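Enquirer: Sending over protein-v3.txt (compact mmCIF, C-alpha atoms and all ligand atoms).
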# COMPACT_ATOMS: atom_id res chain seq x y z
CA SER V 1 4.45 3.81 -8.75
CA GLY V 2 6.28 1.85 -6.00
CA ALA V 3 6.92 -1.55 -4.40
CA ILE V 4 8.06 -2.99 -0.96
CA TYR V 5 10.94 -5.50 -0.97
CA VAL V 6 11.11 -7.83 2.03
CA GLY V 7 12.92 -11.19 1.79
CA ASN V 8 11.97 -13.00 -1.44
CA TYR V 9 8.71 -10.96 -1.85
CA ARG V 10 7.59 -7.86 -3.81
CA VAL V 11 4.51 -6.00 -2.60
CA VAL V 12 2.72 -3.80 -5.15
CA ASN V 13 -0.80 -2.30 -5.61
CA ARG V 14 -2.87 -5.11 -7.20
CA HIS V 15 -4.13 -2.66 -9.91
CA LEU V 16 -0.51 -1.85 -10.95
CA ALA V 17 0.83 -5.47 -10.91
CA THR V 18 2.77 -6.58 -14.05
CA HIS V 19 2.79 -9.88 -16.10
CA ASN V 20 5.92 -10.97 -14.13
CA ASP V 21 4.06 -10.28 -10.84
CA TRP V 22 1.09 -12.42 -11.99
CA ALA V 23 3.35 -15.24 -13.33
CA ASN V 24 5.07 -15.38 -9.86
CA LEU V 25 1.90 -14.77 -7.78
CA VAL V 26 2.27 -15.57 -4.10
CA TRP V 27 -0.90 -13.86 -2.76
CA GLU V 28 -3.39 -11.24 -4.05
CA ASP V 29 -6.49 -9.57 -2.49
CA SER V 30 -8.59 -7.25 -4.68
CA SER V 31 -10.55 -5.89 -1.66
CA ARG V 32 -7.24 -4.76 -0.07
CA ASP V 33 -5.69 -3.56 -3.47
CA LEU V 34 -2.58 -5.65 -2.66
CA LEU V 35 -0.51 -8.12 -4.65
CA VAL V 36 2.59 -10.05 -3.52
CA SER V 37 4.94 -11.72 -6.06
CA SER V 38 8.19 -13.73 -5.62
CA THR V 39 11.74 -12.41 -6.46
CA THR V 40 15.19 -13.98 -7.05
CA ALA V 41 17.11 -11.15 -5.31
CA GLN V 42 16.86 -10.68 -1.48
CA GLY V 43 14.97 -7.54 -0.23
CA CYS V 44 16.06 -5.41 2.74
CA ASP V 45 12.91 -3.46 3.73
CA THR V 46 11.74 -3.79 7.34
CA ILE V 47 7.99 -4.29 7.85
CA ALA V 48 6.67 -2.49 10.94
CA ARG V 49 4.84 -4.70 13.48
CA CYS V 50 2.97 -2.10 15.57
CA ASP V 51 -0.26 -0.03 16.05
CA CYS V 52 1.40 3.37 15.22
CA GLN V 53 -0.87 6.12 13.93
CA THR V 54 1.79 8.67 12.87
CA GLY V 55 4.31 8.29 10.07
CA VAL V 56 5.87 9.76 6.92
CA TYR V 57 4.81 8.96 3.28
CA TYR V 58 6.41 9.67 -0.10
CA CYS V 59 4.32 11.77 -2.55
CA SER V 60 5.76 11.58 -6.09
CA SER V 61 3.32 14.24 -7.40
CA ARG V 62 5.19 16.76 -5.15
CA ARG V 63 8.65 14.98 -4.87
CA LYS V 64 8.29 15.40 -1.10
CA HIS V 65 7.89 13.26 2.03
CA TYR V 66 5.09 14.34 4.38
CA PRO V 67 4.51 13.67 8.08
CA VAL V 68 0.89 12.43 8.70
CA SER V 69 -1.59 11.20 11.31
CA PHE V 70 -3.55 8.23 9.97
CA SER V 71 -6.50 6.10 11.04
CA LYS V 72 -6.29 2.40 12.08
CA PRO V 73 -6.91 -0.19 9.30
CA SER V 74 -10.60 -0.28 8.35
CA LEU V 75 -13.40 -0.88 5.76
CA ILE V 76 -13.77 2.38 3.86
CA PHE V 77 -16.05 3.13 0.87
CA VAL V 78 -13.91 3.96 -2.22
CA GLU V 79 -15.32 5.61 -5.38
CA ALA V 80 -15.24 3.90 -8.78
CA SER V 81 -12.04 4.00 -10.86
CA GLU V 82 -10.92 2.36 -14.20
CA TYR V 83 -9.59 -0.68 -12.18
CA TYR V 84 -12.43 -1.26 -9.72
CA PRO V 85 -16.13 -0.36 -9.56
CA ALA V 86 -17.32 1.55 -6.41
CA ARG V 87 -16.69 -0.80 -3.46
CA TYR V 88 -15.44 -1.07 0.14
CA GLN V 89 -11.66 -1.50 0.35
CA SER V 90 -10.56 -3.28 3.57
CA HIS V 91 -7.35 -2.67 5.64
CA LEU V 92 -7.38 1.01 4.49
CA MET V 93 -5.85 3.88 6.55
CA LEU V 94 -6.88 7.53 5.80
CA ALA V 95 -4.78 10.68 6.33
CA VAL V 96 -5.22 14.38 5.46
CA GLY V 97 -2.66 14.97 2.71
CA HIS V 98 -2.04 15.41 -1.02
CA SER V 99 -2.58 12.42 -3.30
CA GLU V 100 -2.93 11.76 -7.05
CA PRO V 101 -3.53 8.30 -8.77
CA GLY V 102 0.13 8.10 -9.89
CA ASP V 103 1.14 8.33 -6.19
CA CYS V 104 -0.06 4.70 -5.56
CA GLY V 105 2.97 2.71 -4.39
CA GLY V 106 4.57 5.44 -2.26
CA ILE V 107 5.62 3.98 1.06
CA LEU V 108 4.22 4.99 4.44
CA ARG V 109 6.91 4.55 7.17
CA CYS V 110 6.93 4.85 10.97
CA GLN V 111 9.84 4.51 13.49
CA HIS V 112 9.40 0.64 13.29
CA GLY V 113 9.52 0.41 9.47
CA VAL V 114 7.12 0.13 6.51
CA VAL V 115 3.42 0.49 7.41
CA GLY V 116 1.86 0.31 3.93
CA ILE V 117 1.57 1.85 0.44
CA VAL V 118 -0.52 4.72 -1.11
CA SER V 119 -3.74 3.24 -2.58
CA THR V 120 -6.53 5.88 -2.46
CA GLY V 121 -6.92 9.71 -2.47
CA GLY V 122 -9.08 12.69 -3.46
CA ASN V 123 -10.65 15.66 -1.58
CA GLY V 124 -7.35 16.40 0.21
CA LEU V 125 -7.23 12.87 1.67
CA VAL V 126 -4.71 10.03 1.11
CA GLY V 127 -5.38 6.32 1.80
CA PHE V 128 -2.81 3.60 2.55
CA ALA V 129 -3.00 -0.17 2.12
CA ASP V 130 -1.78 -1.61 5.42
CA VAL V 131 0.81 -4.45 5.26
CA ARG V 132 1.66 -4.82 9.03
CA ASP V 133 -0.73 -7.77 9.60
CA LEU V 134 1.00 -9.89 6.86
CA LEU V 135 3.41 -11.65 9.29
CA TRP V 136 4.41 -14.22 6.58
CA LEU V 137 6.47 -11.52 4.80
CA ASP V 138 9.31 -12.19 7.34
CA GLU V 139 9.16 -16.02 7.06
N1 LIG J 1 -7.46 1.38 -4.41
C1 LIG J 1 -8.21 1.88 -5.38
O1 LIG J 1 -9.42 1.66 -5.47
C2 LIG J 1 -7.49 2.76 -6.39
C3 LIG J 1 -7.66 2.22 -7.82
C4 LIG J 1 -6.99 3.11 -8.87
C5 LIG J 1 -7.07 4.60 -8.63
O2 LIG J 1 -6.66 5.39 -9.48
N2 LIG J 1 -7.64 5.02 -7.47
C6 LIG J 1 -8.01 6.43 -7.32
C7 LIG J 1 -6.97 7.26 -6.60
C8 LIG J 1 -5.86 6.68 -6.00
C9 LIG J 1 -4.88 7.45 -5.38
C10 LIG J 1 -5.00 8.84 -5.34
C11 LIG J 1 -6.10 9.47 -5.93
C12 LIG J 1 -6.52 10.83 -6.11
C13 LIG J 1 -7.68 10.80 -6.81
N3 LIG J 1 -8.03 9.50 -7.09
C14 LIG J 1 -7.07 8.66 -6.56
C15 LIG J 1 -8.09 4.17 -6.35
ZN ZN J 2 5.21 1.87 14.18
Go ahead and express the file in the form of structure tokens.
Expert:
Amino acid sequence: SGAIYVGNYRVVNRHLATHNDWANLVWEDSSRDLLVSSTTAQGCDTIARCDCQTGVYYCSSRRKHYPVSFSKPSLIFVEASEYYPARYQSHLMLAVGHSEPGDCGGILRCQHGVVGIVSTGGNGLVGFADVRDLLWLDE
């Protein structure tokens, strides 16, 4: 589980979005596994605007934060799940680290702020949905 709160927006994994998220839909992309909904309260998270390839993510299946090296956003083949058939997910960053499905939503942070959220895993790998290119989150 996990969301990002910047301004009047809430960023969640599209596969974990609620009825409230869908009834206040701002933008969704199934190929990126992202969904953005609108909020009444004002969020304080800082979105990183950078090309950083090192950061720290939160892993709820271990209650720990882990430092990682991750790839630049790209089209990666992702195995079938109960939410999506086997497809290519775009804007995906891979890292060597522990991940379990319930870890989706855990934030990846660098020295400039929030980079993205946990979205894929398996085989000792962890994949993150990049949010740094969504400049409209600060406006
Ligand atoms: N973005 C996607 O396609 C998601 C859809 C829902 C989902 O459970 N997964 C599989 C998955 C995610 C995170 C961690 C692990 C570990 C094993 N399987 C994992 C992928
Ligand atoms: Zn950075």
Enquirer: Excluding same-chain residues fewer than 6 positions from residue 136 in chain V, what lies within 12 Å of it counting all atoms listed in the file, as a list in words?
Expert: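 Final neighbour list, sorted by chain and number: residues 6, 7, 8, 9, 26, 27, 36, 47 and 49 of chain V.
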Enquirer: Give the residue list for ligand LIG 1 (chain J) at 8 Å, counting all atoms listed in the file, as a short mmCIF file (atom, residue, chain, number, x, y, z; two decimals) with C-alpha atoms, keeping the file's coordinate frame, sorted by chain and then by residue number.
Expert:
data_model
loop_
_atom_site.label_atom_id
_atom_site.label_comp_id
_atom_site.auth_asym_id
_atom_site.auth_seq_id
_atom_site.Cartn_x
_atom_site.Cartn_y
_atom_site.Cartn_z
CA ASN V 13 -0.80 -2.30 -5.61
CA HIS V 15 -4.13 -2.66 -9.91
CA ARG V 32 -7.24 -4.76 -0.07
CA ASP V 33 -5.69 -3.56 -3.47
CA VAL V 78 -13.91 3.96 -2.22
CA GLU V 79 -15.32 5.61 -5.38
CA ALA V 80 -15.24 3.90 -8.78
CA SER V 81 -12.04 4.00 -10.86
CA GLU V 82 -10.92 2.36 -14.20
CA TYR V 83 -9.59 -0.68 -12.18
CA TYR V 84 -12.43 -1.26 -9.72
CA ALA V 86 -17.32 1.55 -6.41
CA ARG V 87 -16.69 -0.80 -3.46
CA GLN V 89 -11.66 -1.50 0.35
CA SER V 99 -2.58 12.42 -3.30
CA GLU V 100 -2.93 11.76 -7.05
CA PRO V 101 -3.53 8.30 -8.77
CA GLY V 102 0.13 8.10 -9.89
CA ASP V 103 1.14 8.33 -6.19
CA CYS V 104 -0.06 4.70 -5.56
CA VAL V 118 -0.52 4.72 -1.11
CA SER V 119 -3.74 3.24 -2.58
CA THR V 120 -6.53 5.88 -2.46
CA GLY V 121 -6.92 9.71 -2.47
CA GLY V 122 -9.08 12.69 -3.46
CA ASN V 123 -10.65 15.66 -1.58
CA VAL V 126 -4.71 10.03 1.11
CA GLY V 127 -5.38 6.32 1.80
#
Enquirer: Counting all atoms listed in the file, which residue out of V:64, V:109, V:98, V:91 sits closest to ligand ZN 2 (chain J)?
Expert: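 Ranked by minimum distance to ligand ZN 2 (chain J), first place goes to V:109.
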Enquirer: Which residue out of V:77, V:88, V:66, V:52 has the minimum interatomic distance to ligand ZN 2 (chain J) when only C-alpha atoms and all ligand atoms are used?
Expert: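 Smallest distance to ligand ZN 2 (chain J) is found for V:52.
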Enquirer: Mind checking which residues fall within 9 Å of residue 16 in chain V, counting all atoms listed in the file, ignoring those fewer than 5 positions away in the same chain, and posting them as a short mmCIF file (atom, residue, chain, number, x, y, z; two decimals) with C-alpha atoms, in the frame of the given file?
Expert:
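Result went into around_22.cif, see below:
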data_model
loop_
_atom_site.label_atom_id
_atom_site.label_comp_id
_atom_site.auth_asym_id
_atom_site.auth_seq_id
_atom_site.Cartn_x
_atom_site.Cartn_y
_atom_site.Cartn_z
CA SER V 1 4.45 3.81 -8.75
CA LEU V 35 -0.51 -8.12 -4.65
CA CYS V 104 -0.06 4.70 -5.56
CA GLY V 105 2.97 2.71 -4.39
#
